[PDB]
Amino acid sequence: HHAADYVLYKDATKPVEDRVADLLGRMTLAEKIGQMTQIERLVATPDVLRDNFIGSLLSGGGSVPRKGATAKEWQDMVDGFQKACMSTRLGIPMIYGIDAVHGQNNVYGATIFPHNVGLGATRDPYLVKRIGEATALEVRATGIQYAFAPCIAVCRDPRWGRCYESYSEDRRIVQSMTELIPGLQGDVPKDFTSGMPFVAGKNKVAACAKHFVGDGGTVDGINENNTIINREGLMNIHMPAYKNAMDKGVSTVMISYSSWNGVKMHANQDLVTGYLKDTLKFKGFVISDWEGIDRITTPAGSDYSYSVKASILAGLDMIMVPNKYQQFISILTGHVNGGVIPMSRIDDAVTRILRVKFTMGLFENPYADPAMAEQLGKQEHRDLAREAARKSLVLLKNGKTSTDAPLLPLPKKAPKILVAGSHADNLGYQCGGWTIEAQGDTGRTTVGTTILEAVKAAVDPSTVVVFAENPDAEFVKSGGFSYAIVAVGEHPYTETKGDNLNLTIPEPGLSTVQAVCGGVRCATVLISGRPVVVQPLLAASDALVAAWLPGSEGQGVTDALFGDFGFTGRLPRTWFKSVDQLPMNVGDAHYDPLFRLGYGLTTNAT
């Protein structure tokens, strides 16, 4: 179609499939295997990206150009990498991926939304869609086009260190929250074929349904372990939300480190090719987890030649290497050269990668938009996060006896009030994991409002607010306080570091609640990624709120405490009496919860 040096794949007016086929048919083996290779920014240079025809980059948790980097610094980094990729013979743009799983959370100044478990407590799929929309804008503010979200794990045991990344133990809730996908990517058109990838354009991002499949079903909640369940249970609990994701055009799917009945997901041809591709008709690309292919073997990495063979034959399309690209490319090239992996398999992987890139507009807008930088941390997005935080809160108790005056909502005007606890003024703790670092961190790690700051912003000017992190009983009795707000809970974690067999919060936590509540009426705000042993906290407290990991906008907490809005959140998970009961989920035979899934007290707004 017209000029003498015309190249069909570069023509934006042509159908995606025609562009894919046109480009595929010109590519060398090295160019093909390049597309299948994703590397860490930490090992990328312009020559590396050119010379190896690299298809994708990522930032793993905490992989940042520098601490405190501006949106523009991120854009310039991504563009620098893209410039090298566009300078190859075929000029295939790279796609840059990142864990934007509760906002653009590796980035300083990014709006941090509540983690998934709290979003499940909202029962508000449209809220979650709007969070996807806002997150896409903040990811594109940093020049990034691809988010490794949503985690649609159905966490069946809260001892798992990633349970907070699951909307619920009930697959129906997880299914409802797949609305994140069209928020991130845009709504699919009227006549859309389930399983096709979709991204609307340069103001949206490619999404990733992860981790396929049964990541939330592992024995004793051990991260990356074995999920022992028959096909019927796999298909009834862990699979359904993947079909919803297909219906909404999710662009990519990431494979789980976990195994199903002893078979590594990263080597499972029956599930990856037979089910996801051949039965659900998924036409986007399948990506490994981080060194996921390495971990097929025991020990990990002990037969990388086998890792590459098993994974690519299983049907994986792009490998998150993420460091040893030379070895990955060398081994896969050798396998193809020796007939161990057929060209049909390579061509399928590349067809899928290119399909996603053409569909999302990446060949038309390979570079960042500097006018998008100002989307980072935008007040409109913080207002949305604040709404979500407030809606996520589950009121578990509001009075020690049925005859007591309800403590909540608290009055904004009082002569003197106490704010206490390890989690009352610690932004990192209220954000939890996947915030600035993978494991999260402590203290003022980004821009936000702590619970203490939110209290001070809310109360009448005449109200004196005293902070004490861990006051003793005498301090509280002597203080002339009208009431106290005390916040305690879990420290930030992810993955295996979060795996926890006892689920009791660190001290001082309980001891501070006991000291405060022993001296004055108290509302305890429990910050956690999951249910934790709570009877002792309940016994001490007049009121208690499960606030989960509410993110940067602590005013969400105080919006409910002071009655600007009523409490509406409902448990998205069973609250156990004892860890000895676990696993224990709604619908089980022996179901003996402290609080059943769906439980939540309410209040009315003042």
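In case it trips you up, residue 1 is the first one in the sequence shown, and so on.
- With 214-222 and 523-531 compared on mean CA B-factor from the PDB entry, the stretch scoring higher is 214-222.
- Higher mean CA temperature factor between 136-144 and 272-280: 272-280, per the PDB entry.
- Within the listed group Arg386, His102, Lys400, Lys357, the record reports its top CA B-factor for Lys400.
- Residue set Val340, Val394, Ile353, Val486: peak C-alpha B-factor at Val340 (per PDB entry).
- Ranked within its chain, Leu316 lands in the middle third, by CA B factor from the PDB record.
- Sort the chain's modelled residues by C-alpha temperature factor and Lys67 lands in the highest third, per the entry.
- The PDB entry assigns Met94 a C-alpha temperature factor belonging to the lowest third of its chain's modelled residues.
- In the deposited entry, the Cα temperature factor of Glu31 places it in the middle third of its chain's modelled residues.
- When the CA B factors of the chain's modelled residues are split into thirds, the value for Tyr108 lands in the lowest one.
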